[PDB]
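From first to last, the protein sequence lines stand for chains W, S and A.
Be aware that the first sequence starts at 1, since it is given in the numbering used here, and climbs by one per residue.
Be aware that the second sequence starts at 1, since it is given in the numbering used here, and climbs by one per residue.
Be aware that the third sequence starts at 1, since it is given in the numbering used here, and climbs by one per residue.
See below for the structure under consideration.
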Amino acid sequence: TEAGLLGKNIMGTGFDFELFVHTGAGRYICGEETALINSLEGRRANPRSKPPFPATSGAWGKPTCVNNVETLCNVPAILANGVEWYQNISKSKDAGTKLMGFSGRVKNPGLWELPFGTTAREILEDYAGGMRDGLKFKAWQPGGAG
Amino acid sequence: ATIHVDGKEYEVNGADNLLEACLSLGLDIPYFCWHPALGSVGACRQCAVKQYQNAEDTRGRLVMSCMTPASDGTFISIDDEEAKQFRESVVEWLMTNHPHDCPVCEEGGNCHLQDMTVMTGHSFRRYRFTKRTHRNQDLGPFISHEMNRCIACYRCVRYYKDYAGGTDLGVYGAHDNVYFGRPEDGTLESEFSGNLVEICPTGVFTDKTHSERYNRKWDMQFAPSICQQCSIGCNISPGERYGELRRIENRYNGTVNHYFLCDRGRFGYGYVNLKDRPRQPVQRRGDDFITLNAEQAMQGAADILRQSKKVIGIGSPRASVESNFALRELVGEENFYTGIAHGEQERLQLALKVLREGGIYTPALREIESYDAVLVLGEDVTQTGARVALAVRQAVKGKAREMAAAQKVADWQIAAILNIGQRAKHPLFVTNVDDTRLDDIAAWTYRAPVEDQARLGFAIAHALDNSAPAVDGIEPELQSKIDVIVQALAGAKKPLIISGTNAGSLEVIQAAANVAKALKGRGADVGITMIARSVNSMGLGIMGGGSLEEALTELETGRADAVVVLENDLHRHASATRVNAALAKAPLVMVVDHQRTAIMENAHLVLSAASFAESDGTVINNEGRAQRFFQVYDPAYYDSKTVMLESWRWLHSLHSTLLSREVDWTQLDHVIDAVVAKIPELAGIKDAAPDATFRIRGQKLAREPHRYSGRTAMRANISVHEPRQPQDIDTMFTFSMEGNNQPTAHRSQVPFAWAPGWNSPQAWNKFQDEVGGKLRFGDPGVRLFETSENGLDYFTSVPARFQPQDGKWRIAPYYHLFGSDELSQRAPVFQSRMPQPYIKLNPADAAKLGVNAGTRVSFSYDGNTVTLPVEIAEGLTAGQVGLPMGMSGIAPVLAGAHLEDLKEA
Amino acid sequence: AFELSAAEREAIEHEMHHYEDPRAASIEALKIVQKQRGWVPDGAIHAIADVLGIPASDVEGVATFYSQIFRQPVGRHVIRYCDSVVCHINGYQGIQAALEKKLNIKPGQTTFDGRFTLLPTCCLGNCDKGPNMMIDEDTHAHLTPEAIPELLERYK
Ligand SMILES: Cc1cc2nc3c(=O)[nH]c(=O)nc-3n(C[C@H](O)[C@H](O)[C@H](O)COP(=O)(O)O)c2cc1C
Ligand code: SF4
Ligand code: SF4
Ligand code: SF4
Ligand code: FES
Ligand code: FES
Ligand SMILES: [Ca+2]
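Now the structure itself:
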C-alpha cells in the first residue's frame, strides 16, 4: 500500500482491493474452507454443508473463494510467464510445479520444488538422501496425517 | 414430485426434504437433529437412507434424508441393510457415553432417544470403556439440567437462538466435550425456554415443576384443553395423576400454537393444585361455616334468591362462554354485568368492533409468521401475548427466508438461509412506554406515552392515506422516523398491525385501526391482530352486558339485594375499598369460584366451582376462534367428599331450582344449544367440538394411555374395593383407557400423542397429514366471524400530546409474563420466578423527588397509601411513573390512571 | 469484576473496523484480552459481548472452542510441546518426559509458583526440524532431552 499496489485505485485501473491478515486461535478444523469461513466470521469453526457452495454464498452470505497459499503462489507465474509455459513445465496431466518433500528420520528432511510425476523414490533418495543410518524403511504417508 | 421408497411409488411435495416427505407417508426413519419447525442441519447423521441414481442401480450411496430434497423421480431405500447398519451404528455411538439413567430420568417413557434406540434394534453393548460425564447447571425454577444425557443433536441451541431469539443458551467446548447451557448458572432468560423440554430428545432439559411430583407418561390422564393464562388460546394437554394436575404438555394445533407454548402457559398451572381451593359449598351462618352437599346448597341458595327482589350477576373473562351464559340466564340479560371496568370494556368492545367489522382479516397465530412487516402499537406482546411475539420473530426472519429462496435454496436448509440472510430482516416497529423484549430485532422502538403512540399511529395512517385525520405537532426527526415506517409498510406485500387492550388506551386501538384501514385502501394484504387480556375476554365482549361500575352502583344504591359473582375476584377490575363496601352492603353475596379469593370473607355462599382441569367449556381467543376445553379428571374420584362442579352446571341447577324447586344437573350440549339459540353471535361454538354422542367406530375417545397402571391400587389405601369409573356425560371422552386415540381416527381433538414406537412428543408427526403442517382431519377450533365486506371509518379523535402536569402522575403499565395473570400468580413456582415489585421512575423525575435507585416511596390511590422501591427507567417518559400490573395490590385497571401524593416513605 | 482497559477497547474497535460484521472480531478480541492479562477471565466474556454487540454465550462458545484461548489461569510462561505424528517419529516422548521431570507436573496444569504451565499442542508446521516446542512467542526445533534444562532456564 505504500507503493500503491494495494488499496484504492490500484495501478491507475480504478480497482479497489484491501488485504487483511486474520491470525487464528489454534484449531485444526479451521483449515476446512467452510469452517474457515465460519471462523473468519468469528463463530465456532463448524463446517457448512454444500450445496450452496462458498462461491454462491460464502463469507457473510457474499460470494467468496477460498484458496491455498501455494495456489495463489503459482497464480503470478501463470499470469507473468504465460499459460503455454505453465502447461509445458512437465509432461503430466497435473500441470505446474509442486512443493514436495520427505520428512521423518531421513538424512535430509526438507522441502523442494518438483514437477508433477516425480516418483516418491526420487524425493526420498536423490533429495532426502534416503533413511538415516541403521534404519529400515517400513512405510510412508504421501500427503500428511490425513 | 415422485419418489420410489423400497420399490414402492409415492407422490410427495418436491419442496420438502426426504425425511419429512417420508415421515408424512408413515415411513419410519430414525432422526435426532431435525425438527419440523427448526429445519435441517444434518448433525446427528441418524436419518441416513440409501439413494440410487436410477431404477437400475444397485450400489447407491448413503445420504442424510433430512438434507436430501424430495425431487421428482428419486429412488431411495430405508430398509437397505447398509443404511440399517449405519443407523444402528449411529445409535450405538450415541449410546457409548450415555448414562445408565433411565429409571431415575424424567424423560423415561417419553424419550425420543429411547424410541430410536429401540427402533434401530440396537440392544447389545460392545463398548467396554469409560463414559464421559459433565457437571450440571442451575437453569432456574422451571428447567432442570442434566448434561450427561446429551447426544449433541444441537436442537436446543437452534431453537433457543435461531428460533426463540434467546441469547443466554449456547454450545461450548469442543470435539466430544460439547456443552449445551448457559455460560454461568442462572435462570434462562427467554419467555419460551420451557419448550426445551419437548425440543430436547433426551433428558437434559426437563420440567422441574413436573419433576417435583413426577409420574411417567403412561400413568397420566390427559385431556385436550385450552390454556387459560392469556387470550391467545394455545392448545394444551393437561396431564394429571392422583387427583392433582401434574404437567402441561403442548398440544399440536397447526392453526394456532403448533409446537410451542410460552412459559406462563407451560408452568403457571400450579394454582389448580392449591390446598386452599374450595372443594365443598360453604354457607355462612353468623360466624359458622357450614359445609353443604350439592342438593342442600342449591335449595338454600334458590330459596334465598327467591326471597330477594333483584339478583344481579357479575361475570368474568376467566369464566367460559357457557358459565357466563348460565349466569346471564339465571339473573336475566338486563341484570347481567361483565365483571370488568368501563374503560376495559370500552377497549374490548372497540377491539371486537375492529376485528369483526373493520373489513380486515385477522390472522391466526400460525399465519402471523408469513407477514412481511409488523407494526406493534402500545402492546407489550412478549409479556401479554408471548406466542404472538414468537410468531413476529418468525415473520421477521421471513426476509432471510425470501432472500434464500431467491437463490434457489430450499426452505428446510436453515443454515444456508441464515447465512444468506445475515442480519437483513423484515421491518418491525414496536411502540411501548419503555423497552420491550422485541427490541433486539425491532427496526425501530418508540418509547412514549400511550397518547404519543396513538398520535404516531394516526400520523402513520395520515401519511399512508391523506383521507385519514392529520396530526399537528410532529417533530421533524419524529416525522423522518414516521416516513421510514411509512415507506417500510407501503412496500410490504403483507403488512401486519398488532395492538390490544393492555395498553389502557382507546386511541391506540383507534390509531391501529386507522393504519390498517389506510393499508387496506392502498391494496395491501394487511392483517390486524388484537391482544385481549384474559382467556375468554373476547367471549365476554361478544356476550356483552354492563360494566363492573354499573353493578357496584346497583349494589350501593340498594336496587340489587343479591349478587352472584362468577369466577371474579373483583379487585383486579375495581378499587378494593369500593368493592368491599358494596359487597358488605349487599345482604346476599354468592361467589361461584374455584380459587380462594378475598371476597369470600363477606360472601354468604361460596360455590366450589371447577377450574379448567376439572370442567368443560368453550373459550374465545384473541382472534375470535371458539375452542372447546375438556375435563381432565373427576375431582370426586380420589376424595369422595369433594363437591366440585362446573360453573355452568352450578348456575343452571340454581336456575332450575329457582324456577321449579328441583335441581337439574344438565349436560354440556344443552347449555351449548342454549347459547346458540339465545346468542346468534356465538353460534359458531356449536362446531368447536362434536357433542357427547361423537364416536370413533362406536367407541369414545380415551383420556389415558393403554398402559395406564395401578388401577386396582391407587385408591386401595382408602378402600380395597375398586370405585366406580367416573362417567362423562358432558363430552365424547371417557375417564379410562377404554377408548380411541388412534392417529388415523377421524377427529380433531387429540388428548395426547402416542403411536407404537413413538412415545416422545415426536408422535405428533404420526398425528398429522404432513409433518409440521395441520392436524389430520383439520385443526380444532372454529372462527366465529368472517371478514366483513365493508370496513369502518377513520377515527377522527386524534389525542393531544402527553402533558406532564405537576402533582399528577400517569401510570405506565409494566406487564410481566410471570406476575400479571392472577391464576399464574397463585402458582407457587411463579413466586421465585416473579420479580420484586419495583416502581419505575424517570431519572429526571427521581432527581426531582430526590429519590435514588432502591429507596421506598409511598403513593396513595383510592385512599390506599402503599410503598414500593424505586427502579430507574431511562426509557420512560418524564411525567410518567411505571407500575407492575397484576401484582400484589396493583390492579390492571391502573393503566392510564392518574396518581397523587408520590412521596418518599 | 472485570473492567476493560482503554487500549484493549481501542484495539478491539480497530479490529471491528476490518470486517463488515462486528462478530468477526470476537477471536481477535479474546486474543487481545489474553495477551494483555495472560488468559481470558469470566468477566472478559461479558465485556467483549457488550463491546461487540453479540451475546455472551457466543463469545463463551468461541473462547471454549479454540485451544489457544485460555479460560483458566495459567502461569507466566506456557510450554507447548508438539505431540503430533512427525515429532512422535522424532521422539517427542523423551522431550515430554524431560519436561515432566523438570517441572514436576503432569501436562495440562500449572506449577506451584505459576512459573510455567505445560501443554501438549497441535502440529507446529515445523515437522522437518522436529521435535518442536513453543514457548510463549518462541519456537524451538531439533530438541534433545538434555537441552530442556538449558532451554527452560532462560524463561523466568
Ligand atoms: C479437516 C480439514 C483440514 C484442512 N486443512 C487445510 C489447511 O490447513 N490448509 C489448506 O490449504 N487446506 C486445508 N484443507 C482443505 C480445504 O478444505 C480446501 O480444500 C483448501 O483450503 C482450498 O482448496 P485449494 O487447494 O483449491 O486451494 C482442509 C480440509 C479438511 C477437511
Ligand atoms: S434421556 Fe432417554 S435414554 Fe437417556 S437416561 Fe433418560 S430416558 Fe434413558
Ligand atoms: S441438550 Fe438436548 S437438544 Fe441440546 S444438543 Fe443435547 S440432546 Fe440435543
Ligand atoms: S401465549 Fe398465552 S395462551 Fe399461549 S401458552 Fe402463553 S399464556 Fe397460554
Ligand atoms: S435428522 Fe438428518 S442428520 Fe439429523
Ligand atoms: S508434527 Fe510436530 S511440528 Fe509438525
Ligand atoms: Ca364434565
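Just so you know, even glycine gets a beta-carbon here, dropped at the ideal spot from N, CA and C.
By the rule of a C-beta closer than 7 Å to any heavy atom of ligand 7, the residues picked out are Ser615/S, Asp616/S, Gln631/S, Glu646/S, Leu668/S, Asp728/S, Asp730/S and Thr731/S. In this structure, the alpha-carbon of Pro183/S lies about 16 Å from that of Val204/S. Each residue's CA atom was taken as its position, placing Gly791/S and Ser534/S some 26 Å apart. Nearest in C-alpha terms to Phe192/S, of all of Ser225/S, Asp162/S and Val118/S, is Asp162/S. Residue contact check for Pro52/W against chain S: a CB pair falls below 7 Å. Taken in chain order, the complete alpha helix (DSSP H) segments of 4 residues or longer contained in the segment 94 to 146 of chain S are 112 to 119. Between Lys700/S and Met737/S, the C-beta spacing is not below 7 Å. The CB of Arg48/W comes closer than 9 Å to the CB of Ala415, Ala416 and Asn419 in chain S, given here in chain order.
Taking a Cβ-Cβ threshold of 8 Å, none of the residues of chain W is close to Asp50/A; the smallest such distance is about 15 Å. Nearest Cα to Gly315/S within the set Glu329/S, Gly359/S, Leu292/S and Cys262/S: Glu329/S. Counting the other Cβ atoms within 10 Å of the Cβ of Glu33/W gives 16 or more, which makes it buried.
For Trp85/W, the three-state secondary structure derived from DSSP is helix. Per DSSP, the beta-bridge partners of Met590/S are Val564/S and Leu605/S. Taking 6 Å as the cut-off, one finds at least one heavy atom of ligand 6 near enough to the beta carbon of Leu124/A. Fewer than three beta-carbon pairs drawn from the segment 50 to 68 of chain S and the segment 128 to 141 of chain W are found closer than 8 Å, and the two stretches are therefore not classed as touching. In this structure, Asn568/S sits away from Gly773/S, with a CB-CB distance that is not shorter than 7 Å. In this structure, DSSP gives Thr501/S a helical state, which the three-state scheme calls helix. Interface with chain A (7 Å Cβ-Cβ cutoff): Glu70/W is excluded. By the criterion of a C-beta distance shorter than 8 Å, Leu583/S is surrounded in its chain by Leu555, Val563, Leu570, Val589, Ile599, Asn602 and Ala603, once the five residues flanking it on both sides are discounted.
Around the beta carbon of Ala29/A, 16 or more other beta carbons sit within 10 angstroms, so the residue counts as buried.
By the criterion of a C-beta distance shorter than 6 Å, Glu770/S is surrounded in its chain by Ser24, once the five residues flanking it on both sides are discounted. Here DSSP, grouped into helix, strand and coil, assigns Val771/S to coil. Those residues of the segment 19 to 42 of chain W placed with their C-beta closer than 8 Å to a C-beta in chain A are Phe20, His22, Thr23, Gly24, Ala25, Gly26, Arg27, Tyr28, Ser39, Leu40, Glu41 and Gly42, ordered along the chain.
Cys82/A is bridged by DSSP to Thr121/A. For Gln880/S, the enclosing beta strand (DSSP E) begins and ends at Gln880 to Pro884.
A Cβ-Cβ separation of about 6 Å places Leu377/S in contact with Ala511/S under the 8 Å criterion. With respect to chain S, the C-beta atom of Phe70/A has no partner C-beta closer than 7 Å. Take the alpha-carbon of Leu496/S and the one of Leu188/S: they are about 30 Å apart. Distances from the alpha-carbon of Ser237/S to those of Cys230/S, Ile248/S and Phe859/S put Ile248/S closest.
Look at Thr865/S here: in three-state DSSP terms it is strand. Approximately 12 Å separates the beta-carbon atoms of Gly14/S and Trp412/S; this is outside 8 Å, ruling out the contact. In the DSSP assignment, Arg401/S falls within the alpha helix (DSSP H) that extends over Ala386 to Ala406.
In this structure, the straight-line span from the alpha carbon of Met298/S to that of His670/S is close to 20 Å.
For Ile10/W, the enclosing beta strand (DSSP E) has its first and last residue at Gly7 to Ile10. In this structure, the beta-carbon distance from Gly254/S to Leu775/S falls below 7 Å.
Linking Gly173/S to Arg43/W through their CA atoms gives a straight-line distance of about 13 Å.
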